[PDB]
Ligand SMILES: [Cl-]
Ligand SMILES: [Cl-]
Ligand SMILES: [Cl-]
Ligand SMILES: [Cl-]
Ligand SMILES: [Cl-]
Ligand SMILES: [Cl-]
Ligand SMILES: [Cl-]
Ligand SMILES: [Cl-]
Ligand SMILES: [Cl-]
Ligand SMILES: [Cl-]
Ligand SMILES: [Cl-]
Ligand SMILES: [Cl-]
Ligand SMILES: [Cl-]
Ligand SMILES: [Cl-]
Ligand SMILES: [Cl-]
Ligand SMILES: [Cl-]
Ligand SMILES: [Cl-]
Ligand SMILES: [Cl-]
Ligand SMILES: [Cl-]
Ligand SMILES: [Cl-]
Ligand SMILES: [Cl-]
Ligand SMILES: [Cl-]
Ligand SMILES: [Cl-]
Ligand SMILES: [Cl-]
Ligand SMILES: [Cl-]
Ligand SMILES: [Cl-]
Ligand SMILES: [Cl-]
Ligand SMILES: [Cl-]
Ligand SMILES: [Cl-]
Ligand SMILES: [Cl-]
Ligand SMILES: [Cl-]
Ligand SMILES: [Cl-]
Ligand SMILES: [Cl-]
Ligand SMILES: [Cl-]
Ligand SMILES: [Cl-]
Ligand SMILES: [Cl-]
Ligand SMILES: [Cl-]
Ligand SMILES: [Cl-]
Ligand SMILES: [Cl-]
Ligand SMILES: [Cl-]
Ligand SMILES: [Cl-]
Ligand SMILES: [Cl-]
Ligand SMILES: [Cl-]
Ligand SMILES: [Cl-]
Ligand SMILES: [Cl-]
Ligand SMILES: [Cl-]
Ligand SMILES: [Cl-]
Ligand SMILES: [Cl-]
Ligand SMILES: [Cl-]
Ligand SMILES: [Cl-]
Ligand SMILES: [Cl-]
Ligand SMILES: [Cl-]
Ligand SMILES: [Cl-]
Ligand SMILES: [Cl-]
Ligand SMILES: [Fe+2]
Ligand SMILES: [Fe+2]
Ligand SMILES: [Fe+2]
Ligand SMILES: [Fe+2]
Ligand SMILES: [Fe+2]
Ligand SMILES: [Fe+2]
Ligand SMILES: [Fe+2]
Ligand SMILES: [Fe+2]
Ligand SMILES: [Fe+2]
Ligand SMILES: [Fe+2]
Ligand SMILES: [Mg+2]
Ligand SMILES: [Mg+2]
Ligand SMILES: [Mg+2]
Ligand SMILES: [Mg+2]
Ligand SMILES: [Mg+2]
Ligand SMILES: [Mg+2]
Ligand SMILES: [Mg+2]
Ligand SMILES: [Mg+2]
Ligand SMILES: [Mg+2]
Ligand SMILES: [Mg+2]
Ligand SMILES: [Mg+2]
Ligand SMILES: [Mg+2]
Ligand SMILES: [Mg+2]
Ligand SMILES: [Mg+2]
Ligand SMILES: [Mg+2]
Ligand SMILES: [Mg+2]
Ligand SMILES: [Mg+2]
Ligand SMILES: [Mg+2]
Ligand SMILES: [Mg+2]
Ligand SMILES: [Mg+2]
Ligand SMILES: [Mg+2]
Ligand SMILES: [Mg+2]
Ligand SMILES: [Mg+2]
Ligand SMILES: [Mg+2]
Ligand SMILES: [Mg+2]
Ligand SMILES: [Mg+2]
Ligand SMILES: [Mg+2]
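Chains as they are written, first to last, in the authors' numbering: chain A, 1 to 173; chain B, 1 to 173; chain C, 1 to 173; chain D, 1 to 173.
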């Protein structure tokens, strides 16, 4: 037993490792989206940069779980980071729809971990999730949903002018 | 009788209380418009913020009537603030059309109060309305009318690209 | 279903709308207290300003619930804002006693909403209440209680000199 | 006829001269109050300074009527400035009560002049009164009324401690 460990269930330790992996998986998916929108035959650079930044944020989320694991006396156990589900992402609308679903998948895993922490009477882990993850996730989901609404309004997928306008006026330039 | 009261007719006092209520009603309607445009399935945030700011301005108009009532020695009497006429506002054009009509309703009440003040030979109340309300109202009506003209030019309600462009280029970002 | 909605029970959505209304009701009550203490025959302007500021804070609390509702994919539904229970507030002690009871009523509604969120296993809503409302409410209740103790010490309601001194030395000038 | 005169009735010209005199009379009354509160056996120096400043304001009001008369092509005609009604002013409450009545007397004369200007269809004179006099008068009346309420609360005339406290905490130090 680690000398620091106190009130930290094995099941929570394992679930933190699985969360770590999911954040890295999300990072990798966003990096694929970045590379897609940077292609010369796609060429939506503000969209590309939105996804690149989101890829970096997900890696930071993973690193924070590594630090957490060690603070509690658990042990980081890594697994392969699976490649993203697609090699090409269609257009801004398809990518944003995939991002929404990814963020909801990550959110569900965070909520499931919170429920496990509750069941194991681990208020430190509950606080960590509430203070560092759950609100960021709700904000990200709302932002992407708002974008999808605007992309539909702009006539995606068919309306290329609408897609251009979104890249120039909705995503940080 | 209040020790400060001079040349202040009971009818004017009552009409100031009714005006106070109407300004609060207008504030509440604009707050509903804010919440509508902030929905994830509407997502026109500059439009939402335009209405939020207008909601705050109307509350300030109400507070100025409270202060006025007390300065003249009248007594503030509050009534329920009725909920807005609609729960959802359609789109930017429908909302702006409703805002125009609301501003004209408020303007008519201000003009009616000015006429009452004239009839009761109350130049202080006439000056207050002319100096603090009537020009602001004309300016607001002109601004909203100009917006409606532009929304129609942009093809509202059908043209979603036009609606997007209005949010990005006509309302403060 | 809203595209953003996840783990948000209909009962919580409805209870957030009812909370929104209660915050607006509290705002309106404080605005009535402001207007009362600004009367020429009351004339306790620091007390009046204390209540005016509290009225603005309550409106901010309501607006934060509107934003929350939309972030979760719920729908803001507004109801009439009922007028305050009294048209005149007696004196500083009576008003502060009414404010204490109002703050405790709002606190109880917040606690009830937290219990509902707990029952529906909604940690995001629990965090929101704990981080944005519950401590502010405890602080406000303590402040008003401290004021009541001092008003009683100063001989309210009978001791007008005590009431004057409170306005000049306990409330921000 | 003055080369500048246009739309300026003889009756209004005369009434402006009478107003000029009344403002000077009010100034002189306030100067008497200043001297009273500066007596060694009264010795309420913040109260004294309040009245001294008000004396200067009234003289400025008179000078503005002189300038107005000349701008319109009327002719300033001066009369004796009558001494104040009392040689001694009792205490802060009695003085403030006299000041309230004086301000209401001046207000009534301003309102009467506005009515004359209205009857003679003189919008420039109406604007001048509304823009330069009527609101200042309402503000002054409200301020003095608020003071009287506080002096009564403080137990004037009997409560000398209350009178001391008013001088130290209600009037600019
Ligand atoms: Cl342990
Ligand atoms: Cl334990
Ligand atoms: Cl264990
Ligand atoms: Cl593991
Ligand atoms: Cl694997
Ligand atoms: Cl996918
Ligand atoms: Cl693919
Ligand atoms: Cl997914
Ligand atoms: Cl889990
Ligand atoms: Cl726990
Ligand atoms: Cl967070
Ligand atoms: Cl957006
Ligand atoms: Cl957008
Ligand atoms: Cl009257
Ligand atoms: Cl009159
Ligand atoms: Cl009347
Ligand atoms: Cl009324
Ligand atoms: Cl009603
Ligand atoms: Cl409507
Ligand atoms: Cl509706
Ligand atoms: Cl209307
Ligand atoms: Cl009216
Ligand atoms: Cl008039
Ligand atoms: Cl105006
Ligand atoms: Cl325009
Ligand atoms: Cl453009
Ligand atoms: Cl425009
Ligand atoms: Cl749900
Ligand atoms: Cl869940
Ligand atoms: Cl549900
Ligand atoms: Cl509801
Ligand atoms: Cl109702
Ligand atoms: Cl009550
Ligand atoms: Cl009452
Ligand atoms: Cl209550
Ligand atoms: Cl509840
Ligand atoms: Cl929970
Ligand atoms: Cl809080
Ligand atoms: Cl205290
Ligand atoms: Cl003191
Ligand atoms: Cl205190
Ligand atoms: Cl003439
Ligand atoms: Cl003419
Ligand atoms: Cl003439
Ligand atoms: Cl003359
Ligand atoms: Cl004479
Ligand atoms: Cl006298
Ligand atoms: Cl005398
Ligand atoms: Cl008099
Ligand atoms: Cl006259
Ligand atoms: Cl005229
Ligand atoms: Cl003025
Ligand atoms: Cl005062
Ligand atoms: Cl005072
Ligand atoms: Fe993440
Ligand atoms: Fe994420
Ligand atoms: Fe208004
Ligand atoms: Fe308005
Ligand atoms: Fe543009
Ligand atoms: Fe509140
Ligand atoms: Fe509160
Ligand atoms: Fe003091
Ligand atoms: Fe004057
Ligand atoms: Fe005066
Ligand atoms: Mg060891
Ligand atoms: Mg284990
Ligand atoms: Mg996994
Ligand atoms: Mg594989
Ligand atoms: Mg629990
Ligand atoms: Mg937080
Ligand atoms: Mg946003
Ligand atoms: Mg009275
Ligand atoms: Mg009446
Ligand atoms: Mg009405
Ligand atoms: Mg109804
Ligand atoms: Mg103006
Ligand atoms: Mg313009
Ligand atoms: Mg949908
Ligand atoms: Mg429902
Ligand atoms: Mg309720
Ligand atoms: Mg009722
Ligand atoms: Mg806190
Ligand atoms: Mg304290
Ligand atoms: Mg000549
Ligand atoms: Mg003449
Ligand atoms: Mg005279
Ligand atoms: Mg004489
Ligand atoms: Mg006029
Ligand atoms: Mg004017
Ligand atoms: Mg003015
Ligand atoms: Mg004041």
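Just so you know, even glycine gets a beta-carbon here, dropped at the ideal spot from N, CA and C.
Scanning chain B for C-beta atoms nearer than 9 Å to the C-beta of residue 64 of chain D yields nothing, as the closest lies near 17 Å away. When Cβ-Cβ separations below 8 Å define contact, residue 35 of chain B makes contact with chain C. Within the stretch 105-143 of chain B, there are no complete beta strand (DSSP E) runs of at least 3 residues. Looking only at D/59, D/75, D/158, the smallest Cα-Cα distance to residue 11 of chain D is reached by D/75.
Taking C-beta separations shorter than 8 Å and ignoring five residues to either side along the sequence, the partners of residue 85 of chain B in its chain run 29, 98, following chain order. Not a single C-beta of chain C is nearer than 8 Å to the C-beta of residue 115 of chain B. The Cβ atoms of residue 102 of chain D and residue 65 of chain D lie no closer than 8 Å to each other. Within 7 Å of the C-beta of residue 84 of chain C there is not a single heavy atom belonging to ligand 51.
Residue 92 of chain A and residue 34 of chain A have their C-alpha atoms roughly 11 Å apart. For residue 72 of chain B, the neighbours in chain D by C-beta distance under 8 Å run, in chain order, 138. Remark: the shortest separation between the CB of residue 22 of chain D and any heavy atom of ligand 15 does not fall under 7 Å. Looking at the DSSP output, residue 81 of chain C sits in a beta bridge with B/81. Put simply, the stretch 134-142 of chain B does not touch the stretch 41-53 of chain B. Fewer than three CB pairs are less than 8 Å apart. When CB distances to chain C are screened at a threshold of 7 Å, the residues of the stretch 125-158 of chain D falling below it are 142, 145, 146, 149, 150, 153, 154, 155, in chain order. When Cβ-Cβ separations below 8 Å define contact, residue 96 of chain B makes no contact with chain A. Looking from the CA of residue 88 of chain D, the closest CA among D/129, D/77, D/111, D/39 belongs to D/39. Interface with chain C (8 Å Cβ-Cβ cutoff): residue 52 of chain A is excluded. With respect to the 8 Å criterion, residue 72 of chain C and residue 138 of chain A are classified as neighbours on the basis of their beta carbons. Ranked by Cα distance from residue 68 of chain A, the first of A/57, A/124, A/95 is A/124. Counting of Cβ neighbours within 10 angstroms places residue 78 of chain B among the buried residues, the total reaching 16 or more. Of D/43, D/140, D/51, D/110, the smallest CA-CA separation from residue 18 of chain D is found for D/110. Taking a Cβ-Cβ cut-off of 7 Å, residue 56 of chain A has no neighbours in chain B, whose nearest Cβ is about 25 Å from it. With a cutoff of 8 Å on beta-carbon distance, residue 153 of chain A and residue 160 of chain B are scored as near each other.
The Cβ atoms of residue 100 of chain A and residue 6 of chain C lie no closer than 8 Å to each other. The C-beta of residue 10 of chain C comes no closer than 8 Å to any C-beta of chain B. In this structure, residue 112 of chain B has its beta carbon less than 7 Å from a heavy atom of ligand 22. For residue 167 of chain D, the number of other beta carbons within 10 angstroms of its own is at least 16, and it is reported as buried. Contact of residue 61 of chain A with chain B is not assigned, every C-beta pair being separated by 8 Å or more. For the set D/94, D/26, D/36, D/155, the Cα lying nearest the Cα of residue 57 of chain D is the one of D/26. Every residue with a CB closer than 7 Å to a heavy atom of ligand 13 is listed here in chain order: A/146, A/147, A/150, A/166, A/170, B/43.
Neighbours of residue 162 of chain D in chain C, taken as residues whose beta carbon is under 9 Å from its own, are 160, 161, 164 in chain order. In the displayed model, residue 31 of chain A falls within a helix according to three-state DSSP. Neighbourhood of residue 3 of chain C in chain A, by CB distance below 7 Å: 100, 145, 148, in chain order. Going by beta carbons, residue 162 of chain A and residue 155 of chain A fall inside the 8 Å limit. The contact set of residue 84 of chain C on chain B, defined by CB atoms closer than 8 Å, consists of 78 in chain order.
Against residue 45 of chain D, chain C offers no close residue; the least beta-carbon distance is about 18 Å (beta-carbon pairs closer than 8 Å).
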